[PDB]
Amino acid sequence: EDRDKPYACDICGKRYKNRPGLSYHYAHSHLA
Ligand SMILES: [Zn+2]
């Protein structure tokens with residue numbers, strides 16, 4: 001599945017199949 005969903009958020013570990021999916025999570029998650 002690290003083949004199918006090779007990208008991951010460094011804070012929560014959520015896995016993503018595509019970079020734009022992670023990009024959106026990264027932009028808006030885990031903020032004050
Ligand atoms: Zn995260």
Side-chain angles (χ1 to χ4, degrees), residues 1 3-16 18-32:
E1 210 211 47
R3 205 95 62 202
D4 201 87
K5 295 191 158 202
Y7 307 105
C9 176
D10 53 302
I11 293 174
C12 72
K14 195 171 168 59
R15 298 154 103 94
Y16 282 92
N18 316 102
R19 303 175 68 84
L22 182 56
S23 185
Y24 182 79
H25 176 99
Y26 195 103
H28 303 297
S29 301
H30 314 303
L31 307 177

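Start at 1 with the first residue, then count along the sequence.
Rounding to the nearest 0.5 Å places NE2 of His25 at 13.0 Å from CZ of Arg15. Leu22 contributes atom CG, which lies 8.0 Å from atom CG of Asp10 (distance to the nearest 0.5 angstrom).
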Item to check | Check against side chain to side chain contact (heavy atoms under 4.5 Å, CB included), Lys14 and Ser29 | outcome: CA-CA 11 Å; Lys14 195 171 168 59; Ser29 301; over 6 Å; no
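Scanning both residues, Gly13 and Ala8, for their nearest heavy atoms gives O-CB, 4.0 Å.
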